[PDB]
Every structure is written in C-alpha cells, then in structure tokens.
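# An overview of the molecular structure
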Amino acid sequence: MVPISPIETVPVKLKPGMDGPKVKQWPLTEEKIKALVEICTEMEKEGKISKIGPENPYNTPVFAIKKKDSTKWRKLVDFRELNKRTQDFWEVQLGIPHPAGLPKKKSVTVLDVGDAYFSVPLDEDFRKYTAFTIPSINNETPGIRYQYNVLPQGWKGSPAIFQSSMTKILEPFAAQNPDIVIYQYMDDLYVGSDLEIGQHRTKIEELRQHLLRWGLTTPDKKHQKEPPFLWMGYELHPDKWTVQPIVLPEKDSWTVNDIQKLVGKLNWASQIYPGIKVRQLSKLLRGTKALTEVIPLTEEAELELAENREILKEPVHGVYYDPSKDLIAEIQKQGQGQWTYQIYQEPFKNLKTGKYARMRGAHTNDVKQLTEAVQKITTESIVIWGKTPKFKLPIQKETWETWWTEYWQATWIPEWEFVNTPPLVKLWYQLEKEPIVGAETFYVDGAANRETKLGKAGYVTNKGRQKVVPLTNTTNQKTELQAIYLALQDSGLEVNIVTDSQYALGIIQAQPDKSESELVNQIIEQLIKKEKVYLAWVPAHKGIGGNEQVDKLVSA
Amino acid sequence: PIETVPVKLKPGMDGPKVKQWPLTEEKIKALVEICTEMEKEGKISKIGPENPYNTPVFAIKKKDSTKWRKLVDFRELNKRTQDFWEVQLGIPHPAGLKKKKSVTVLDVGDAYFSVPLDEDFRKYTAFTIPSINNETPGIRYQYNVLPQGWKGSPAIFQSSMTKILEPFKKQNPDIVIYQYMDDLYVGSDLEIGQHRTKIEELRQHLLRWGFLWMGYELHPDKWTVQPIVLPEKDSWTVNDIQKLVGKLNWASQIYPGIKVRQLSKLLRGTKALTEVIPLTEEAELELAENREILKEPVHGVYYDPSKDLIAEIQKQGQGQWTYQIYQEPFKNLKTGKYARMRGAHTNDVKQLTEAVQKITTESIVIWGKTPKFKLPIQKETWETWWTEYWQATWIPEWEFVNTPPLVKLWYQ
Ligand SMILES: Cc1cc(/C=C/C#N)cc(C)c1Oc1nc(NC2CCN(Cc3ccc(S(N)(=O)=O)cc3)CC2)nc2ccsc12
Ligand SMILES: [Mg+2]
C-alpha cells in the first residue's frame, strides 16, 4: 500500500448554547426499510458512515424515495434541524465569474472530483450530531443507528468545507504551474491552458498524480461536453460567449408573473444585448402581491417590448477579455431616466453591455443620472476586470466643467472623453450669481389656509406690476412655487425674483431638469425660456419691503 | 511579551461580518505581497471555513511615500469590541496639546506587531484579500498580534508604551506626548530647528526600545471659532441689504440681541435689487451694535465627552471648503476654512477626502476623538472613490447631505 496524506479536518461547533437535533424517526414501509439497510450497508463498507451504540441521544430522520423510471430507492437524511443548529461558515462560493472577465483558453478539460468529496473527513467531535436511525422490520428489534464520518450531502457545512479542502490541496499545484488556470464548480474541476494540447494533457495527469497524494481518484467527466459549456445561464464557446437563448413568449394575456419573468429574461439579456429597456414593462410592477393579476400593457409597454424583440431578433455575443488592450465604456441616454452602456476593447466587439435606471426621486437631472451610471459601471468593472475603464460620455467637456465647478456638492467622474452621440446631456438653465442691472425685480409670495386649502399666490415689482391669483386645494409650499411661476410667466427675458421660501430655494438650487411635480416642471420650462434669472432669498416677516407688501396681499 | 491580555466583544454581540468591497488588481497584488511577508513573520495566519467573520481591507499610500501599505477598516469590530477602560479608569485628554506651538505626529504602528493577540479573539480579526471576478476564492487571514487600526491595540500596548517613553518624558517636562490609535502626537513650544531634533531624539530613542522615518507637522495655536464678519461698504444696494439682513437673521440664532428692523426699514417700498440705498444713522447704529455683538464668544459653549462631535463641510468653490465642528446646533466648538488642496485642483472628491482627514486630525488633537461627518456629496460617489485618496490609518464615520443647505452663504 502507498501511504496517502490525510485531508486535514475542519473543526466544527454548534451555535452557542444550542444542542444537537432530537427529531423522531418516521415510520417507514417494510420495503423502504429493506432498501435503506442495503444502501447503508454499502456506505458503511466504504467508510462513509459507522454504526453506534444507544448512548448517542441525537437523531435526524431518514427517508426513502424513488424516481419515475429509475426503479431504485435512494436514501435521504433530512438535516434541516441540524442545519438550524450548526455554526455559520465562510461560504466562499457565492460569487461566480462573469464571462466578460475571463481570458480565452486554448484547451480546457474537466475532471470529476465526485469521489474526492467522500475522502474529506468530518470533524470527529461533531459526528455524534449526524446520527440517524433505520427503523427495524415490524419495530420488533432496536433500529440500526449510524453516524457520518464524511461530509453529509444536505448538511450546512458540507459545501464550504469541501471547497476549502480542495483549494488547500490544489494551492501548491496552481502556484507551481502558473501557466494554467483551475476553477472549481460542483464536483467538477476545470483546467484551462494556452500551451499546445500535448503539454496540456501532461499537466492534467500531473495534477492527477498530485491528487493521488491524498488518494483521490479523478477520471475525466463522463460524456465530455463539447463546447459550448452550459454553466450558470451562459454559453461559453472557445472564442465567444453569450447568454443561453433568450426567447420572449407571445401572449394575449400578461399577468403579474408573466410580466415579472419577462423582465428577468430582459435583465439577464441586458448584459450582452445592447439597448434593452425595462422601465415601462417594469412600471406595471409597482405594487401588487397577487401574481395572477392580469394587468393590461400600456402602449408604451407594448412599444418597448416590440422595441426589445427587434434587438433580440438575432443572437449576439461578447468577446473574452484581453488584458493587453485598453478597457473602454460608452454610455447612451435613452429617455425616462434609463441608460445603456457598452464595454469593449476594440470597436464593435463588446465585452458586455448593461443598463442603469434612475434612482427614485422627486426631482433629478441628466448630469446626476449620468454620474450615477458612471459610478455603477466603475464598480462593476473593478469587480469583473480589476480596473476602471476609460469612459466615452455624451456630454460636452465644457458642460461637465460648468456643472462641477458650480454644483454645491462634491462630484467627480474618472478619465473620460466626449462622444457626439445624440441625445447629448446638457444643462438647461443657469442662475445668475449677481442681480441683473436693468431687469425687473419681482417680489413673490404665496400663502394657503391649512384647513380650507384656499390660498393665494402673487408678485409685486419695482415698475408697479402686480398680480394676485386665488387658488383652491393648495398648500403653503404649492403657493410659494406658484408665485415664482407667475413671476417667470409675466417677466421679460431677464428677471430678478425675490422669495422668502426656503422650500422653493432648496428645490431650485438642486438644479432639477425634470420633476414628479408638474408645477416644478412648469417652472423648469419657464427657466429654459429665460436668458438671465437671479433668484434671491430673504427671511419672511422681517419687514423687507416688496416682500412685506406681497405677503399681506396673499395672506388672506 | 508572552502573556495574552484577555479581550472579548460586548454582551450579546457576534463578531463583524462586513463584506469586502472590490479592489483594483494593483491593490490586490500589493496586499498579496504585504500579507505573504506578514505571514512569514507570523503576524497573520491562514484561516479555514469555520471562521465566518470578516473585516474589509484595502491598500494605501501614506503622505509622500511610494510604498503600498495595507489598511484594515476595523470600524465595525471597534464598535463591537468591549469598551476599554484602557488599563485604567482612563487618561484625561491632554488639554495642553492643542495649545503648543507645533505638534509632530509619528506612525508608531509597527510597535503593535511585537505583542501577541489573545488566542480566542483572533478569529474576529478575519479579513479577505479579494479575487478579481471571483476567479479564485479570496485569501483568508486572521491576526496573531495586535493589528493596526483596532481599538484594543493602543489600550493593550499602553503599559509598554508608557514604559518606553518615560526616559524621554523624564528629560523633557515641557513636551506633551499624546497617543491616538497608531499615532503619537509630539507637541513642543520651541522653534522648528530644535523641534525636528527632539522628535528625531525621541525617534532615535524608540528604535533602541525595539519608526517609519515619517512625520506630519501641525500648529494648533490657530484653531479658533472663526468670527462672523459683516461687509463694510460705502454704498449699499437693495440686494446687499437683503443679504445682510438674511445673514444677521441667521446669526441671531447664535447671538442674543441681534437686531434687523432698522436695516429692514431701509427697504420700505418695492425697489429694484440694484438700486443704491443710503443707510440711516439708526441703521448704521444697529449695524454697529451688531458688529460689537459678533466679536464676543458665543454663550454657554462647552465640550461634553458623552456626546458625539459633528462636523459639517461646505464646498465653497475654487478649492475652498468651510467646516464647523459642534455637538448641538449653533454651539460651534470650532470653525475653519481650507484652500487650494495640494495636488487636487481638478478633483472635488480628492479635496473633500483631504479635508475630512485634516478635520479629523484637528479633532483628535483637541478632544481626543473623531467627529461624525456630514458630507456634501452623494453616497454612491463618495463610496466609489474615497479609498483612492485616504492616507490616515484611522477612519471616521460619515453621513450624506442631499439638500443644499441655505447657510453655505453665511460662511462665505
Ligand atoms: C476554466 C473554467 C471553466 C469554466 C466552465 C464551467 C462550466 N461548465 C468556468 C470557469 C470560470 C473557468 O475558469 C476560468 N476560465 C477562463 N477562461 C474561459 C475558459 C473557457 N473558455 C471557453 C472554452 C475554451 C476552450 C475550449 S476547447 N477548444 O478546449 O474545447 C472550450 C471552451 C472561455 C474562457 N479563464 C480563467 C482565468 C482564471 S480562472 C479562469
Ligand atoms: Mg409670506
């Protein structure tokens, strides 16, 4: 016998103060008992489980189940209770690579490490917690009691402990063979290389020879899958990648569930299919828990679905990543607060695509949304490629400079260049820094009655112009904005406006170009029409003339 | 030092489980080299899947240094670590450090690595060097020695530190030494030429007791509450007077007896904003009385060590940033202003990040703790970029201001 190294054991504990499981074994049918006895006898001979005495007080129920044509029984040990009481682990397989970050590999083999899983021992002091009982025939003898010596399938810690043990075993082989990559997923190990295929198979069984040190049999994966690889919803071809085929169903009647499973395919497809849009079909999703609700499509919802399928008409693929080339990201504004982007290294060969939807706010502007998109793509690219891409943005360099030098917040976007792809992000108005000589000065104010919702809005100017408009179903904040709107409506191209509304000044100083409020939107449309607007704030009720005068006019 | 000091978290609190944020390839590679050497020196060890805790890590370049350095975001673990009555009932914060002519800060962080960490607490210092694109599992480590950035490290080391320093302290009764986390603050009242000697004299004294050649030079004789000042003009437009009345109305929340009505009466009527208004003598008097009021300190302003310090920052344009440190509104404990941030005339976030670090340094020197920042920036922009310009071994807390404060004008 050739000595084999032991796979080092991971110590395992229960959750603090918690005890092991004590669940009653179900009664089974004589044919199920007979099947479980045979199954457990073979695993016992392979070392997987061991028989124990009656001192062990813990138990976990066993089951026997069948399949349709597979006319054999298979053991199921239900570790739900033990899992609730087992310590948390470092689950180190949550993230999975994105294909656009992978470099191409000339050759790839797959080894099955299924048999390897059972040579990983379970912590000795923990095995007592995995005990299970095979009930006896007619309940006339003591049930046969076993416990596990290896990581049980279905137990909380088995995936993390197994992958950790393989990784430690593989670490020196990977480090001393830097010309190959090794990736684990399931009971399968993927080995890629760029050397000629002869040197590849030698490195491969060099790895099997290495795995023999701990006595792990690893043949090739049965029925070797020719490319493409069907893995985590992708199709990995030797030189290109795409998602698995996206086919959008045809339906006369779309329900909540038929709607939310389409956006899933659309969201998944948006990583390679450029220009996918989701807002209008998404919108019908805003608030409903009954997933069978048949809600009709708006014809903006039909327009964008149709706009979709035209993009989904032909398959498109991404290229794999070349670290020697630059990484570039281009963004397009699409309207209604949504954006698409392409990341590529050479023109017309995208690594991947994507989209960004605006954050839910009461007011916003295109520059802030573009900035948010840039940060999201930045973070995604560091995840996928470990670097920030060079950006191509549909905003003029002069527009960005004006924006960040004057915006009240600190803001920044990394190295980028203008791309003249309409529509262009622009600033739509700019308030003056100083009062405008020769321009009419409008003192505005509004007020409303909290009980009757009756209000007034108006202005008085230095040239004696005046207006007061009575309003119904209004609030103080609404009349303050309406007062500013009237002044914009009734002034020439240049105007000084004096308000005491901290609420109105906070909105306008945020520089929105679109709003949930039609009143704010109407004010924005007025601001765009002007050539110069100076907006001044004074404190209310201090006897500031003009403001004192209009305050009395609008306050009842 | 063989013996472990026993440490544990607060009652009913698990260890930290903070997600590692993505890192660039060059920062990952820097961390791999740093941690490989730390592993060979025994300061850290590989951990297994039985440790589910995590604390974020990234890589830093300190002031005027080309060597990559690793920084651990121990903020969560510090919150959860037992409140340290650090070998004592506590040290009273040296109120004299903030009054000495010059203060030099020394990175004495390496001194921690020579004392071992309690074997049962090491699990809670777990961190992950991330992989790119999840292409391999992260590299998982835990500390065996006192790590830099941890609350317990200065506390546990205080006995040895006070011993190392006593010969130098016995010589110099006028040098005030203060320790905050990984940093020593050395403040004297003599001029620069002998000051660089006595820090090199203390520097050279340290190496004999078991470094980094580095330092930073401060001058806390400056740190006041900047007064509110009003314009002095020979001709006032309507707009000038409206702004003055606004500023005085704001100041009246801070100061008693500020009056506006004589200045308000200058604006009788509905006048053009650009029209010149002559000041009455009653308004000049009222403006003069307001000027006198604004030169006194504010009444009833005191530091309460039971409350958090709050720091607000306003972007003023052209590389200028104003800031106020307080514990309750309008009771400013300290105000200030920064200009032309070095090497960042084009990057708002770099400037803001340097301002945060300067303000935190001033707050350590004055009160011995860091303030809670209110940052004029969207969360997603700050979160993406601040680690790129961070150079201090501590990290404060922050929140985000999304509504433009009206009072940025008044600190202009
Ligand atoms: C090696 C590997 C395989 C898979 C498959 C799972 C399934 N199911 C997944 C990952 C994450 C892998 O991990 C890495 N994969 C790559 N590149 C890839 C390798 C595969 N090719 C496709 C391909 C190439 C050649 C042939 S061929 N001509 O041999 O038949 C067939 C298919 C696309 C890029 N790079 C790295 C770097 C570090 S890890 C890692
Ligand atoms: Mg009013």
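Residues numbered from 1 in each chain as written, not as in the entry; some residues may be left out. Chains lettered and ligands numbered in written order. Heavy atoms only, no water. Residues with missing side-chain atoms left out of burial classes, pairs and counts.

Deposited coordinates in this entry are attributed by the record to X-ray crystallography, at a stated resolution of 2.225 Å.

Identification of chain B as p51 RT from Human immunodeficiency virus type 1 group M subtype B is taken from the PDB entry.

Per the PDB entry, chain A carries the name p66 RT and comes from Human immunodeficiency virus type 1 group M subtype B.

## With respect to the environment of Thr411(A)
Applied cut-off: Put simply, DSSP H or I for four residues or longer makes a helix, DSSP E for two residues or longer makes a strand, and each gets a number counted from the N terminus. By the convention used here, residues are in contact when the closest approach between their heavy atoms is within 4.5 Å.
Within the secondary structure, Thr411(A) is located in the loop between α10 (397-406) and β18 (416-418). In sequence terms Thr411(A) and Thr371(A) are 40 residues apart; their C-alpha atoms lie 8.3 Å from each other. Those residues within four positions of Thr411(A) in sequence are excluded, and the remaining contacts are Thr371(A), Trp400(A), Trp403(A), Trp404(A), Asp348(B) and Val349(B).

## Some details on the packing of aromatic side chains
For any two aromatic rings, the description comes down to two numbers: the centre-to-centre distance and the angle of the planes. What counts is decided by this rule: By convention, a stacked pair of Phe, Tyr or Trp rings (six-membered ring in the case of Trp) has centres within 6.5 Å and planes under 30 degrees apart, an edge-to-face pair has planes over 60 apart, and any other such pair is tilted. Residue exposure (1.4 Å probe, protein chains only): buried if accessible area is under 20% of the type maximum, exposed if over 50%, otherwise partly exposed. Ring-over charges, as used throughout, are those where CZ of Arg or NZ of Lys falls within 6 Å of the ring centre and within 35 degrees of the ring normal.
Scanning the entire structure with this criterion turns up 43 aromatic pairs over all chains. Relative to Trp155(A), the ring of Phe89(A) has its centre 5.8 Å away and its plane inclined at 80°; by these criteria the two rings are edge-to-face. With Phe89(A) in the loop between α2 (80-85) and β4 (107-112) and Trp155(A) in the loop between β6 (144-148) and α4 (158-175), this pair connects stretches of sequence that are 66 residues apart. Taking 6.0 Å as the distance between ring centres and 45° as the angle between the ring planes, the aromatic pair formed by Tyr178(B) and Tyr185(B) counts as tilted. Judged by its relative accessible area of 7%, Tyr178(B) is buried. Joined through ring pairs, the aromatic side chains of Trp21(B), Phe58(B), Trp382(B), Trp386(B), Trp390(B), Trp394(B) and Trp398(B) make up one cluster. Residue placement shows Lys70(B) over the ring face of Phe127(B); its charged tip is 3.6 Å from the ring centre.

## Looking at the interface of chain B and chain A
To be explicit about the condition: Summed over both partners, the accessible area (1.4 Å probe) lost when two parts come together is defined as the buried area. A carboxyl oxygen of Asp or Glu within 4 Å of a side-chain nitrogen of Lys or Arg is what we treat as a salt bridge. Two N or O atoms form a polar contact when they lie within 3.5 Å of each other; inside protein one atom must be a possible hydrogen donor and the other a possible acceptor, and for residues adjacent in sequence the pair counts only when both atoms belong to side chains. Classification used: nonpolar for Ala, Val, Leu, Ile, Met, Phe, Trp, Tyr, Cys and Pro, charged for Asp, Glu, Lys and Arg, polar for all others including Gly.
Taken together, the 59 residues of chain B in the interface contact 64 residues of chain A. Taken together, both faces of the contact between chain B and chain A bury some 5,000 Å²; the carbon and sulfur share is 60%. Contact with chain A buries area across many residues of chain B, yet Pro49(B), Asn133(B) and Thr270(B) alone supply 13% of it, more than any other trio. Where chain B touches chain A, the interface holds one salt bridge. The shortest N-O distance in the salt bridge between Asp88(A) and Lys17(B) comes to 2.9 Å. Linking chain B with chain A are 20 residue pairs in polar contact, by the criterion used here. Listing elements by their share of the side of chain B that touches chain A, those giving two or more residues are α5 (238-251), α8 (348-367) and α9 (379-385) of chain B. It is α5(B) that contributes the most residues to the side of chain B that touches chain A, six residues altogether. Of the residues assigned to the side of chain B that touches chain A, the class counts are 25 nonpolar, 23 polar and 11 charged.

## Thoughts on the coordination of the magnesium ion (ligand 2)
Quick note on the threshold: Sodium, potassium and calcium take a 3.2 Å donor cutoff, other metals 2.8 Å, and in both cases only N, O and S atoms count; water is not among them, so sites may look incomplete.
Binding of the magnesium ion (ligand 2) to the protein goes through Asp445(A) (OD) and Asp551(A) (OD), at separations of 2.1 to 2.2 Å. With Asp445(A) in strand β19 (residues 440-448) and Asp551(A) in helix α14 (residues 547-554), the pair connects residues that are 106 residues apart, well separated along the chain.

## What about the site of ligand 1?
Note the cut-off: Note on terminology: near, applied to a residue and a molecule or strand, indicates that one of the residue's heavy atoms is within 4 Å of it. Surface exposure here means Shrake-Rupley accessible area, sampled with a 1.4 Å probe, where a residue is shielded only by the protein chains that are shown.
Taken together, 16 residues lie near ligand 1, and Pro103(A), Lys105(A), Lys106(A), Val108(A) and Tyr320(A) sit nearest. Flanking ligand 1 are residues from chains A and B. Here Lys106(A) contributes a backbone N or O atom positioned 3.2 Å from a nitrogen atom of ligand 1. Here a nitrogen atom of ligand 1 sits 3.3 Å away from a polar atom, N or O, in the side chain of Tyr190(A). Considering ligand 1 on its own, with 830 Å² of exposed area, one finds that the protein chains cover 89% of that surface. Only β4, β7 (180-185) and β9 (229-231) of chain A provide two or more residues apiece to the shell around ligand 1. Here the shell around ligand 1 is built from residues that sort into 11 nonpolar, two polar and three charged.

## Observations regarding the nonpolar core
All names here are of chain B. Test applied: Residue types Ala, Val, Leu, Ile, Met, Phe, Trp, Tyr and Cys, when buried and joined through side-chain atoms within 4.5 Å, form a set referred to as a nonpolar core.
Grouped together as the largest cluster of nonpolar side chains are 92 residues, with contacts concentrated most on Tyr143, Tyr185, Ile313 and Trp390. Residue contributions to this core peak at nine residues, all from α8. Residues within four places of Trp390 in sequence aside, it is in contact with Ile60, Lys61, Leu71, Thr353, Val356, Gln357, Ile395, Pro396 and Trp398.

## Describing the domain arrangement of chain B
Residue and element names in this part refer to chain B. The criterion, for reference: Domains are outlined according to an automatic or database domain assignment.
The domain architecture assigned to chain B consists of domain 1 (6-95 + 121-161), domain 2 (96-120 + 162-217), domain 3 (218-303) and domain 4 (304-412). Using C-alpha coordinates to define each centre, domain 1 is positioned 25 Å away from domain 4. Each side of the interface is counted separately: domain 1 has 14 residues, and domain 4 has 16 residues. Area buried by domain 1 at its contact with domain 4 is led by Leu71, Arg75 and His93, which between them contribute 42% of it. Seen at the junction of domain 1 and domain 4, the total is two salt bridges. In this structure, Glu397 and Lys79 form a salt bridge, with 3.5 Å as the shortest nitrogen-oxygen distance. Taken together, the links from domain 1 to domain 4 amount to six residue pairs in polar contact. Put simply, the parts of the chain that give the side of domain 1 that touches domain 4 at least two residues each are β2 (57-60), β3 (69-72) and α2 (75-80). Its residues placed into classes, the side of domain 1 that touches domain 4 shows four nonpolar, two polar and eight charged.

## A closer look at the domain arrangement of chain A
All names here are of chain A. You can read the domains of chain A as domain 1 (1-92 + 118-158), domain 2 (93-117 + 159-227), domain 3 (228-321), domain 4 (322-428) and domain 5 (429-556). Taking the mean C-alpha position of each, domain 2 and domain 3 sit 34 Å from one another. Counting residues at the interface gives 16 residues for domain 2 and 13 residues for domain 3. Here domain 2 packs against domain 3, burying approximately 1,400 Å² in sum over the two surfaces, 73% of which is carbon and sulfur.

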